[PDB]
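Below sits a lone chain in structure tokens, taken as the form deposited without the named molecule.
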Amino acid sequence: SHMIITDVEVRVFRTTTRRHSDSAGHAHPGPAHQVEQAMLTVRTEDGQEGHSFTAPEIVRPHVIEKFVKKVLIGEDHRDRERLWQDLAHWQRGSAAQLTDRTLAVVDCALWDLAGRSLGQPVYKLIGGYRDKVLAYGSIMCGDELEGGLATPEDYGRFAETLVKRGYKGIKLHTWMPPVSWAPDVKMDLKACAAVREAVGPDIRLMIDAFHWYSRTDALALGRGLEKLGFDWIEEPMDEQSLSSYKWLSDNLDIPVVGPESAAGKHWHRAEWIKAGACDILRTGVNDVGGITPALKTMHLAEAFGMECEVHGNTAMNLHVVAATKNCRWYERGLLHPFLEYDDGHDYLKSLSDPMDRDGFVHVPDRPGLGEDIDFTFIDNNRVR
């Protein structure tokens, strides 16, 4: 009975960061401040543990007591498919409180537990494809900060810096409300043009613009991009409208990648394939409810001969990318000229995603998700 789960614990602590998020949830650099972060730990009878990080609200007591403990406590931690399906089955009746985000953090902690228990990196447990992978530099949403990301030329200048660092691909997130004047298709296209001019024709370029443009605006945006040789256009319209995506992909030459944010996990992504709503699939550990369903989406895409690009940084997504073939990149970011991504986080002793000078991220040879957790730091900065 050593593999039986005995405890599920949440520890909330303060991390020091210059990352802020606006009222619409878009990241920006700002003053150094303390932000509450949560760590979920699952422990078995023999004392082995697995951990994963998320925002405090996602693993608050209501959700832990009503849902997570009831599924996990007393169960064999290795039964990840059974445990995931049990949580999935309870979402419909949860009064909207048991979210895909909660499933993701629980599933990730279970994977970390298995890996740490076995002394194996998660991607090796899954079945490894690659130990290193090209990353694109994923640039934060636009701002109104002088010298930051306020003008089209600001994007161009930051792009030059990213190429020097070794990134072989660059993705722009452009300007979005509550930036006062946003959104503006002409401004987005000017940023795209400035970046292409700055880096030349051989760096791969992507755009993830305002996520709710009308069909007419997204068509104008996509048309403007075809002149610049961009690799993909990402979520330019409300992803709840599958029909809009069928229409847009039919009317654009540039590949459309999606859905990133849409609900329904791997099931809904099958619908995007069936309906021809995208040219490249998208998934992400946080978006589909864990490593387990992310892997399902990767396999789904592969069976159709499609790529499936993995949204988001951190170990959980990196291990999905390392375990699969049909994904061009790891998404490294979000990045901003004012911030030093390579410095990492105060609660981790080293980076989960170190990148060489040629633009390859190397998966750490550490067990589980391989997050090098500074438990002492967390203990010293607990939220009472």
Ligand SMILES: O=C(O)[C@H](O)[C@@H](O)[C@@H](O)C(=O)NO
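Numbers follow the displayed sequence, beginning with 1.
Stretches 117-125 and 89-97 differ in mean CA B factor, with 117-125 having the higher one. According to the PDB record, 221-229 carries the higher mean C-alpha B-factor of the two stretches 275-283 and 221-229. The entry assigns its greatest Cα B factor, within the set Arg332, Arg60, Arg357, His345, to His345. Residues shown: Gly169, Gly290, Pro152, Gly148. Highest C-alpha temperature factor in the entry: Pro152. Sort the modelled residues of the chain by CA B factor and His319 lands in the lowest third. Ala159 sits in the highest third of its chain by CA B factor, as recorded in the PDB entry. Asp188: CA B factor in the lowest third of modelled residues in this chain (values from the PDB entry). For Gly47, the recorded CA temperature factor ranks within the highest third of the chain's modelled residues. Placement of the Cα temperature factor of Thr174 within the chain: middle third of the modelled residues, per the deposited record.
This protein has a second form, the form solved in complex with the named molecule, left out of what is shown; the following refers to that one.
The partner is absent here; in the entry with it bound, the one residue of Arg328, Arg43, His336, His26 having a heavy atom within 4.5 Å of the named molecule is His26.
Among the residues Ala159, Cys141, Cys278, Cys308, the one placing a heavy atom within 4.5 Å of the named molecule in the entry with it bound is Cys141. Although the partner is absent here, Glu260 lies within 4.5 Å of the named molecule in the entry with it bound, judged by heavy atoms.
The closest non-hydrogen atom of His211 lies within 4.5 Å of the named molecule in the entry with it bound. Though the partner is left out of this view, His77 does not reach within 4.5 Å of the named molecule in the entry with it bound, counting heavy atoms only.
The closest non-hydrogen atom of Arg282 lies within 4.5 Å of the named molecule in the entry with it bound. Although the named molecule is omitted here, in the entry with it bound all of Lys171, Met176 and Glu234 have a heavy atom within 4.5 Å of it. Of the candidate stretches 203-211, 96-104, 125-133, 266-274, only 203-211 has residues whose heavy atoms lie within 4.5 Å of the named molecule in the entry with it bound.
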